[PDB]
């Protein structure tokens, strides 16, 4: 099955709360639209360049990047609620090695790969 899980327990409401100020910072800096984000989260993969840089910005603001700004997958996994540790592991297991010229492209590569792997449990806010 592929239709997104959205209910009282998933995505973890406390993670969603935590991401709010990061969303404000990153949406403001990038100029992506709230709709672009929700369409990527809940509907079809699409290509929006400002959305790619929003994705990058989130990783930086969440402090899950290395000294080159590349996503550190252990840091990221560890930053998630324990309730989604298994789902996250399987979502990411064929998305270890991002490709792309810029950080925005690599950020996008990761989000696209996750959503392809587990569309039901993938979300973006």
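Numbering follows the first chain given and starts at 1.
Practice problem: Can you let me know which of the two, 17-25 or 106-114, has the higher average C-alpha B-factor in the entry? | Solution: So the stretch with the higher mean C-alpha B-factor is 17-25.
Quiz prompt | Stretch exceeding the other in mean C-alpha B-factor - 26-34, 66-74 | solution = It is 66-74.
Self-check item: Modelled-residue ranking by C-alpha temperature factor, third containing residue 87
Solution: Residue 87: CA B-factor falls in the lowest third of its chain.
Practice problem: Taking the values exactly as deposited, rank residue 80 by C-alpha B-factor within its chain and report the matching third: lowest, middle or highest. | Solution: Residue 80: CA B-factor falls in the middle third of its chain.
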